[PDB]
Amino acid sequence: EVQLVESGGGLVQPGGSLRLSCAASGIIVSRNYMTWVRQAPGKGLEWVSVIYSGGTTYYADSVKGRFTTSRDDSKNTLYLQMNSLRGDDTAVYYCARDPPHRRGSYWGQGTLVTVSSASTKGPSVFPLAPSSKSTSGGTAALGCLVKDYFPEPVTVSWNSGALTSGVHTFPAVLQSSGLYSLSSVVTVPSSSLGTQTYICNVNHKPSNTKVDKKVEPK
Amino acid sequence: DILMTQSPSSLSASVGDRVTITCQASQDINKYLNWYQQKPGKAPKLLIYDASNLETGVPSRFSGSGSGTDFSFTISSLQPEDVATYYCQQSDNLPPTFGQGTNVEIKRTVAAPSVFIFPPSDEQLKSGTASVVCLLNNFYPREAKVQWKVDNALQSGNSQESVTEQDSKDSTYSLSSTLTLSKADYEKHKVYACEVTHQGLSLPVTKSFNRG
């Protein structure tokens, strides 16, 4: 029903530009003041900018002179034009309408902005096969390693979404090479090994879709 | 620029326990302070506005109080779905400023980890790099110790760790330890084992594998 939707994020080069858009449904962006907030990976929240109903704009000192907030009332959409982009600007960006002293706060789901000179690299999906020492009747673990990819994120599912119980996809770890790495494990019965197909599906920002099957070793 | 001092940064409490978060302002902000709840992977959600007032739909266990410089956020009967990071934020004084955040963990009984070791696949050995993975399945508490010993020689600086968030239906954590080395170093040794130390294990459990 009532929602805010951000878009426009992506991976840009230091010194590049970007235009984030926030589409409002159920909220007239011309009547309330809208806010841009950002959150670095694994950090807290930092107020970026605000625009008032009258048209007044305010900006955090760290983005003053580079960012510009605007809105198109006919399209009912808030905009954030980000220029002279730096590495510290890498964050998830949310738009928000927090009603002043009333009820009805809404934040969008956010859009990820990555600013780096590194190029996009597709990942390599490798198996982590079930141990041959898995005894029938008990639980056995298997997974796939998604290694050497940039930037975030990657999406891992199991059996096209059919297998969700017992699945653990770990957060990505930034390797010393600057590329991210990630692993997704799942615990299945030791029985039905070889009787049930176990396949993990990996997706990425570069057009990488790996649908990898996990089997015992020999 | 008003400084927001949120405290504590972390807390652990069992289901139904009372939990209180403090947030001290560097200036008088009257009652213009909000409280946000951010569950992992989701956006922040405003729960308390104007220090005390509850947003629409928020359960009664959430409460806020305070005026001037000192404010408090209290969950009466803590529920497992309340595992999140909570932020205080002043709204009236430009620029709006947030607190450092508080991590809220539900407390449960000790659960030892199910440990698994994963040798490098044959497809990755051609990439000239071997990746050994030690998985610590659903355990509580998060505080664990994973050491890599290959050929009975302890390793350091060549391994990374990842920890999941507290589960919704388990309230447990899952850890992964990944040991990355070249193919030459991999085929120059034979025994590969990770040793895990955790409360709820009587002694450090070791899972091992030999090339073959």
# chains A, B, ... in the order shown; residues from 1 in each chain; ligands from 1
>>> closest_atom_pairs(of="chain B", to="chain A", cutoff="6 Å", atoms="only C-alpha atoms", output="Markdown table")
| residue | atom | partner | partner_atom | distance |
| --- | --- | --- | --- | --- |
| B:43 | CA | A:109 | CA | 5.5 |
| B:55 | CA | A:103 | CA | 5.8 |
| B:118 | CA | A:128 | CA | 5.8 |
| B:164 | CA | A:170 | CA | 5.6 |
>>> write_last_selection(atoms="N, CA, C and O atoms", output="PDB file, in the first residue's frame")
ATOM      1  N   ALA B  43      15.692  -2.554   6.612  1.00  0.00           N
ATOM      2  CA  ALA B  43      15.854  -1.133   6.870  1.00  0.00           C
ATOM      3  C   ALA B  43      15.449  -0.801   8.302  1.00  0.00           C
ATOM      4  O   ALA B  43      14.716  -1.559   8.942  1.00  0.00           O
ATOM      5  N   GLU B  55       4.835   4.304  17.700  1.00  0.00           N
ATOM      6  CA  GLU B  55       4.399   4.246  16.315  1.00  0.00           C
ATOM      7  C   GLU B  55       3.243   3.253  16.180  1.00  0.00           C
ATOM      8  O   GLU B  55       2.975   2.438  17.068  1.00  0.00           O
ATOM      9  N   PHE B 118      35.759 -29.328   5.475  1.00  0.00           N
ATOM     10  CA  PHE B 118      35.520 -29.446   4.037  1.00  0.00           C
ATOM     11  C   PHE B 118      36.824 -29.288   3.272  1.00  0.00           C
ATOM     12  O   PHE B 118      37.392 -28.176   3.243  1.00  0.00           O
ATOM     13  N   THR B 164      26.987 -15.911  11.318  1.00  0.00           N
ATOM     14  CA  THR B 164      25.648 -15.512  10.926  1.00  0.00           C
ATOM     15  C   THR B 164      24.979 -14.717  12.042  1.00  0.00           C
ATOM     16  O   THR B 164      25.511 -14.559  13.143  1.00  0.00           O
TER      17      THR B 164
END
>>> residues_around(residues="residue 108 of chain B", least_positions_apart="3", cutoff="12 Å", atoms="only C-alpha atoms", output="ChimeraX atom specification")
/B:12-17,79-80,105,111,139-142,166-167,169-173
>>> write_last_selection(atoms="C-alpha atoms", output="PDB file, in the first residue's frame")
ATOM      1  CA  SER B  12      21.874 -10.197  26.330  1.00  0.00           C
ATOM      2  CA  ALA B  13      18.637 -11.177  28.075  1.00  0.00           C
ATOM      3  CA  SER B  14      16.315 -14.166  28.201  1.00  0.00           C
ATOM      4  CA  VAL B  15      12.772 -14.221  26.846  1.00  0.00           C
ATOM      5  CA  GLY B  16      10.464 -12.029  28.899  1.00  0.00           C
ATOM      6  CA  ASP B  17      13.323 -10.175  30.592  1.00  0.00           C
ATOM      7  CA  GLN B  79      10.716 -11.612  22.563  1.00  0.00           C
ATOM      8  CA  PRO B  80      12.998 -13.548  20.171  1.00  0.00           C
ATOM      9  CA  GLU B 105      20.732 -10.693  21.722  1.00  0.00           C
ATOM     10  CA  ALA B 111      24.140 -25.453  22.452  1.00  0.00           C
ATOM     11  CA  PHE B 139      25.453 -23.028  18.502  1.00  0.00           C
ATOM     12  CA  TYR B 140      24.989 -20.668  21.454  1.00  0.00           C
ATOM     13  CA  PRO B 141      26.677 -18.524  22.685  1.00  0.00           C
ATOM     14  CA  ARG B 142      28.503 -16.944  19.729  1.00  0.00           C
ATOM     15  CA  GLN B 166      21.010 -14.960  15.634  1.00  0.00           C
ATOM     16  CA  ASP B 167      18.434 -17.325  14.150  1.00  0.00           C
ATOM     17  CA  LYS B 169      13.589 -20.131  15.270  1.00  0.00           C
ATOM     18  CA  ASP B 170      16.791 -21.249  17.050  1.00  0.00           C
ATOM     19  CA  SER B 171      18.369 -18.099  18.515  1.00  0.00           C
ATOM     20  CA  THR B 172      21.712 -19.722  17.638  1.00  0.00           C
ATOM     21  CA  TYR B 173      24.757 -18.686  15.618  1.00  0.00           C
TER      22      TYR B 173
END
>>> residues_around(residues="segment 206-212 of chain A", least_positions_apart="3", cutoff="9 Å", atoms="only C-alpha atoms", output="PyMOL selection string")
chain A and resi 120-127+144+150+159-160+198-203
>>> closest_residue(among="A:177, A:192, A:119, A:32", to="residue 137 of chain A", atoms="only C-alpha atoms")
A:192
>>> atom_distance(atom1="atom CA of residue 111 of chain A", atom2="atom CA of residue 8 of chain A")
7.1 Å
>>> closest_residue(among="B:205, B:154, B:58, B:48", to="residue 88 of chain B", atoms="only C-alpha atoms")
B:48
>>> residues_around(residues="residue 20 of chain B", least_positions_apart="5", cutoff="8 Å", atoms="only C-alpha atoms", output="mmCIF file with N, CA, C and O atoms, in the first residue's frame")
data_model
loop_
_atom_site.group_PDB
_atom_site.id
_atom_site.type_symbol
_atom_site.label_atom_id
_atom_site.label_comp_id
_atom_site.auth_asym_id
_atom_site.auth_seq_id
_atom_site.Cartn_x
_atom_site.Cartn_y
_atom_site.Cartn_z
ATOM 1 N N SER B 72 15.407 7.046 27.782
ATOM 2 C CA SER B 72 15.476 5.609 28.007
ATOM 3 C C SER B 72 14.514 4.883 27.075
ATOM 4 O O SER B 72 13.412 5.368 26.798
ATOM 5 N N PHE B 73 14.939 3.712 26.603
ATOM 6 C CA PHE B 73 14.134 2.843 25.750
ATOM 7 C C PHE B 73 14.077 1.470 26.400
ATOM 8 O O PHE B 73 15.123 0.876 26.681
ATOM 9 N N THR B 74 12.869 0.965 26.643
ATOM 10 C CA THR B 74 12.700 -0.237 27.451
ATOM 11 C C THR B 74 11.769 -1.235 26.780
ATOM 12 O O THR B 74 10.646 -0.888 26.399
ATOM 13 N N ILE B 75 12.235 -2.476 26.662
ATOM 14 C CA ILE B 75 11.412 -3.600 26.235
ATOM 15 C C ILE B 75 11.035 -4.398 27.477
ATOM 16 O O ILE B 75 11.911 -4.943 28.160
#
>>> residues_around(residues="segment 183-187 of chain B", least_positions_apart="4", cutoff="12 Å", atoms="only C-alpha atoms", output="PyMOL selection string")
chain B and resi 119-132+150-151+158+179+191-192+210-212
>>> write_last_selection(atoms="C-alpha atoms", output="PDB file, in the first residue's frame")
ATOM      1  CA  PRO B 119      38.572 -30.224   1.880  1.00  0.00           C
ATOM      2  CA  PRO B 120      39.335 -28.121  -1.196  1.00  0.00           C
ATOM      3  CA  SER B 121      37.513 -29.325  -4.278  1.00  0.00           C
ATOM      4  CA  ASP B 122      39.404 -30.679  -7.269  1.00  0.00           C
ATOM      5  CA  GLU B 123      38.039 -27.910  -9.502  1.00  0.00           C
ATOM      6  CA  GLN B 124      39.605 -25.269  -7.242  1.00  0.00           C
ATOM      7  CA  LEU B 125      43.024 -26.954  -7.150  1.00  0.00           C
ATOM      8  CA  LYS B 126      43.426 -26.118 -10.851  1.00  0.00           C
ATOM      9  CA  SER B 127      42.850 -22.467  -9.933  1.00  0.00           C
ATOM     10  CA  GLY B 128      46.120 -22.873  -8.008  1.00  0.00           C
ATOM     11  CA  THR B 129      44.469 -22.153  -4.644  1.00  0.00           C
ATOM     12  CA  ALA B 130      43.142 -24.507  -1.961  1.00  0.00           C
ATOM     13  CA  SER B 131      40.295 -23.476   0.352  1.00  0.00           C
ATOM     14  CA  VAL B 132      39.593 -25.525   3.497  1.00  0.00           C
ATOM     15  CA  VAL B 150      47.691 -28.920   9.473  1.00  0.00           C
ATOM     16  CA  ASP B 151      50.451 -31.506   9.855  1.00  0.00           C
ATOM     17  CA  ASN B 158      45.833 -17.257   6.529  1.00  0.00           C
ATOM     18  CA  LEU B 179      41.781 -21.469   5.495  1.00  0.00           C
ATOM     19  CA  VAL B 191      46.575 -33.953   7.670  1.00  0.00           C
ATOM     20  CA  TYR B 192      44.095 -31.066   7.740  1.00  0.00           C
ATOM     21  CA  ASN B 210      43.565 -36.492   4.929  1.00  0.00           C
ATOM     22  CA  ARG B 211      44.244 -35.974   1.219  1.00  0.00           C
ATOM     23  CA  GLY B 212      42.769 -39.050  -0.469  1.00  0.00           C
TER      24      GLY B 212
END
>>> select_by_dssp(residues="segment 36-144 of chain A", states="strand (DSSP E)", output="MDAnalysis selection string")
chainID A and resid 36:39 45:51 57:59 67:72 77:82 91:97 106:107 111:115 124:128 139:144
>>> write_last_selection(atoms="N, CA and C atoms", output="short mmCIF file (atom, residue, chain, number, x, y, z; two decimals), in the first residue's frame")
data_model
loop_
_atom_site.label_atom_id
_atom_site.label_comp_id
_atom_site.auth_asym_id
_atom_site.auth_seq_id
_atom_site.Cartn_x
_atom_site.Cartn_y
_atom_site.Cartn_z
N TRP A 36 17.13 11.90 3.22
CA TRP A 36 18.04 10.89 2.72
C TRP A 36 18.97 10.48 3.85
N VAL A 37 18.98 9.19 4.18
CA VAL A 37 19.89 8.65 5.19
C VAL A 37 20.73 7.56 4.55
N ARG A 38 21.93 7.37 5.08
CA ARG A 38 22.86 6.40 4.52
C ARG A 38 23.54 5.62 5.63
N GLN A 39 23.93 4.39 5.31
CA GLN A 39 24.53 3.48 6.29
C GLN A 39 25.65 2.69 5.62
N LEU A 45 24.02 4.75 11.32
CA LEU A 45 23.26 5.60 10.41
C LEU A 45 23.77 7.03 10.45
N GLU A 46 23.80 7.68 9.29
CA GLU A 46 24.27 9.05 9.16
C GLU A 46 23.29 9.83 8.29
N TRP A 47 22.70 10.88 8.86
CA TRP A 47 21.80 11.75 8.11
C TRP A 47 22.56 12.44 6.98
N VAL A 48 22.00 12.36 5.77
CA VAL A 48 22.66 12.90 4.59
C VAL A 48 22.07 14.25 4.21
N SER A 49 20.76 14.29 3.97
CA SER A 49 20.12 15.51 3.50
C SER A 49 18.63 15.48 3.80
N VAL A 50 18.00 16.65 3.64
CA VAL A 50 16.57 16.81 3.85
C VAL A 50 16.06 17.90 2.92
N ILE A 51 14.82 17.75 2.47
CA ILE A 51 14.13 18.76 1.67
C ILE A 51 12.74 18.98 2.26
N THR A 57 16.41 23.06 1.32
CA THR A 57 17.26 21.88 1.36
C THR A 57 18.41 22.11 2.34
N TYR A 58 18.75 21.06 3.08
CA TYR A 58 19.88 21.06 3.99
C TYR A 58 20.70 19.80 3.74
N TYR A 59 22.01 19.90 3.96
CA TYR A 59 22.92 18.81 3.66
C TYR A 59 23.95 18.66 4.77
N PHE A 67 26.39 16.87 -3.16
CA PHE A 67 25.08 16.25 -3.27
C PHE A 67 24.01 17.32 -3.42
N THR A 68 22.92 16.97 -4.10
CA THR A 68 21.81 17.89 -4.34
C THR A 68 20.50 17.13 -4.24
N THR A 69 19.63 17.55 -3.33
CA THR A 69 18.31 16.94 -3.16
C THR A 69 17.28 17.75 -3.93
N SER A 70 16.39 17.05 -4.64
CA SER A 70 15.32 17.69 -5.38
C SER A 70 14.14 16.73 -5.44
N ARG A 71 13.03 17.20 -6.00
CA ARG A 71 11.86 16.35 -6.13
C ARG A 71 10.97 16.86 -7.25
N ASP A 72 10.33 15.92 -7.95
CA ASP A 72 9.36 16.22 -9.00
C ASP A 72 7.98 15.85 -8.49
N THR A 77 8.27 11.97 -6.80
CA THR A 77 9.53 11.25 -6.65
C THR A 77 10.60 12.18 -6.11
N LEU A 78 11.31 11.70 -5.11
CA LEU A 78 12.45 12.41 -4.55
C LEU A 78 13.72 11.96 -5.27
N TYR A 79 14.68 12.89 -5.39
CA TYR A 79 15.93 12.62 -6.08
C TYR A 79 17.11 13.05 -5.22
N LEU A 80 18.22 12.33 -5.35
CA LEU A 80 19.49 12.73 -4.75
C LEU A 80 20.57 12.62 -5.82
N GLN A 81 21.06 13.77 -6.29
CA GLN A 81 22.12 13.81 -7.28
C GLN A 81 23.46 13.87 -6.56
N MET A 82 24.27 12.83 -6.73
CA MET A 82 25.54 12.70 -6.03
C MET A 82 26.68 12.87 -7.02
N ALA A 91 27.67 3.25 0.67
CA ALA A 91 26.70 2.95 1.71
C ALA A 91 25.39 2.53 1.07
N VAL A 92 24.50 2.00 1.90
CA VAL A 92 23.10 1.83 1.54
C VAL A 92 22.39 3.15 1.81
N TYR A 93 21.59 3.61 0.84
CA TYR A 93 20.90 4.89 0.94
C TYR A 93 19.41 4.65 1.08
N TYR A 94 18.83 5.20 2.15
CA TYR A 94 17.39 5.14 2.39
C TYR A 94 16.79 6.54 2.26
N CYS A 95 15.58 6.61 1.69
CA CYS A 95 14.74 7.79 1.80
C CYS A 95 13.69 7.53 2.88
N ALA A 96 13.28 8.59 3.58
CA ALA A 96 12.37 8.44 4.70
C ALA A 96 11.46 9.65 4.81
N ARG A 97 10.23 9.40 5.27
CA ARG A 97 9.34 10.45 5.76
C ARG A 97 9.02 10.09 7.21
N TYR A 106 7.83 6.04 7.47
CA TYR A 106 8.09 5.08 6.41
C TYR A 106 9.51 5.26 5.90
N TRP A 107 10.25 4.16 5.83
CA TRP A 107 11.57 4.14 5.21
C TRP A 107 11.54 3.16 4.04
N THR A 111 18.98 1.43 -1.31
CA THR A 111 19.69 1.06 -2.53
C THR A 111 21.18 1.18 -2.24
N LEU A 112 21.94 0.17 -2.67
CA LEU A 112 23.36 0.10 -2.37
C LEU A 112 24.17 0.88 -3.40
N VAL A 113 25.05 1.75 -2.91
CA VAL A 113 25.97 2.53 -3.73
C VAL A 113 27.39 2.16 -3.35
N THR A 114 28.16 1.66 -4.31
CA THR A 114 29.56 1.32 -4.09
C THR A 114 30.44 2.21 -4.96
N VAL A 115 31.40 2.89 -4.34
CA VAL A 115 32.31 3.78 -5.04
C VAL A 115 33.71 3.21 -4.90
N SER A 124 33.65 -17.55 -8.50
CA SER A 124 33.87 -18.95 -8.82
C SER A 124 33.17 -19.79 -7.76
N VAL A 125 32.27 -20.66 -8.19
CA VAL A 125 31.47 -21.49 -7.30
C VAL A 125 32.13 -22.85 -7.20
N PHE A 126 32.56 -23.21 -6.00
CA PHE A 126 33.20 -24.50 -5.80
C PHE A 126 32.40 -25.33 -4.81
N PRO A 127 32.45 -26.66 -4.91
CA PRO A 127 31.65 -27.48 -4.00
C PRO A 127 32.34 -27.72 -2.67
N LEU A 128 31.51 -27.92 -1.65
CA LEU A 128 31.95 -28.46 -0.36
C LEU A 128 31.11 -29.72 -0.14
N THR A 139 22.62 -36.29 10.48
CA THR A 139 22.63 -35.13 9.61
C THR A 139 24.02 -34.97 8.99
N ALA A 140 24.05 -34.62 7.70
CA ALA A 140 25.28 -34.35 6.98
C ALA A 140 25.24 -32.95 6.39
N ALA A 141 26.39 -32.29 6.35
CA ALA A 141 26.50 -30.91 5.90
C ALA A 141 27.15 -30.84 4.52
N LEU A 142 26.62 -29.96 3.68
CA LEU A 142 27.21 -29.68 2.38
C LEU A 142 26.97 -28.22 2.06
N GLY A 143 27.76 -27.69 1.12
CA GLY A 143 27.61 -26.31 0.73
C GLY A 143 28.46 -25.98 -0.48
N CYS A 144 28.40 -24.72 -0.90
CA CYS A 144 29.23 -24.25 -2.00
C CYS A 144 29.90 -22.96 -1.59
#
>>> residues_around(residues="residue 137 of chain B", least_positions_apart="4", cutoff="8 Å", atoms="only C-alpha atoms", output="list in words")
residues 113, 114, 115, 173, 174 and 175 of chain B
>>> write_last_selection(atoms="N, CA and C atoms", output="CSV table (one decimal), in the first residue's frame")
chain,number,residue,atom,x,y,z
B,113,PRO,N,28.3,-26.7,19.1
B,113,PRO,CA,28.2,-26.6,17.6
B,113,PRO,C,28.4,-28.0,17.0
B,114,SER,N,27.7,-28.3,15.9
B,114,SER,CA,28.0,-29.4,15.1
B,114,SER,C,29.1,-29.0,14.1
B,115,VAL,N,30.2,-29.7,14.2
B,115,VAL,CA,31.4,-29.3,13.4
B,115,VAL,C,31.6,-30.1,12.2
B,173,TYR,N,23.8,-19.2,16.6
B,173,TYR,CA,24.8,-18.7,15.6
B,173,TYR,C,25.4,-19.8,14.8
B,174,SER,N,26.0,-19.4,13.7
B,174,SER,CA,26.7,-20.4,12.8
B,174,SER,C,28.0,-19.7,12.4
B,175,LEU,N,29.1,-20.3,12.6
B,175,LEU,CA,30.4,-19.8,12.3
B,175,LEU,C,31.1,-20.6,11.1
>>> atom_distance(atom1="atom CA of residue 73 of chain A", atom2="atom CA of residue 98 of chain B")
29.4 Å
>>> atom_distance(atom1="atom CA of residue 30 of chain B", atom2="atom CA of residue 8 of chain B")
22.1 Å
>>> residues_around(residues="residue 61 of chain B", least_positions_apart="2", cutoff="7 Å", atoms="only C-alpha atoms", output="PyMOL selection string")
chain B and resi 59+63+75-77
>>> select_by_dssp(residues="chain B", states="alpha helix (DSSP H)", output="PyMOL selection string")
chain B and resi 122-126+183-187
